[PDB]
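Take a look at this single chain in structure tokens; it is the form deposited in one PDB entry.
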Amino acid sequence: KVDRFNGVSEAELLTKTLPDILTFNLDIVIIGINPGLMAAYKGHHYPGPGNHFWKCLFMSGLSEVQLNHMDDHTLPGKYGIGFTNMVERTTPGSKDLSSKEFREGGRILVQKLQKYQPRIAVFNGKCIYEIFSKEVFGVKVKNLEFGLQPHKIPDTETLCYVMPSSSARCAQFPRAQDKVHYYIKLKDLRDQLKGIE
């Protein structure tokens, strides 16, 4: 058998969770789908190799140096960026999650965003915004788009911004290069909000 987790079983990782990294007065909260096996293993956000997050964060200029998963706790203080996931349960991919889990996640998430009130709630995955939009805004569009959404988190000024998942499982944006446009537009939106305020 192939040992991908230094002798730790996949069964053990499936029982692990990934802590939120949230504070008040954040500019951005990156909302993932759920922990993958490596994030559950490490206890940090978006570790490699099958994930473009840290590469895109650097390539877009959101970080001035190339960071990695071990730097995740430094992001609120240094960059005004926090982290959560729609679903707590660890799985190898998003396809293993049920509709009920996603809708439970959505309820807990809107409550968290209403508490921390970041300037921008970033959905790192179209699939989770599809569910969130229907559940929270009661809206289901034929052609859901990426980028800035025309809805704020209820009872807050928090914007919703959607990006294709940073997971390299997605063949439609095969490289970190193919997703960086969305991170650049995220930086532009952040800089623009900090201009008026």
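Between two forms, the rigid core is the largest collection of C-alphas that superpose within 1.5 Å. The first residue of the shown sequence is 1; numbering continues from there.
Omitted here: the form deposited in another entry. The next part is about that form.
When the two forms are superposed on their rigid core between this form and the one not shown, the C-alpha shift of 2 Å or more among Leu159, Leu67, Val136, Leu26 belongs solely to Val136. With the core superposed, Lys95 shows a C-alpha displacement of at least 2 Å between this form and the one not shown. Annotation for the pair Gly93/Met59: C-alpha atoms recede from each other in that other deposited form, by 3 Å or more compared with this form.
The pair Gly93 and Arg175 is at least 3 angstroms farther apart at the CA level in that other deposited form than in the present model.
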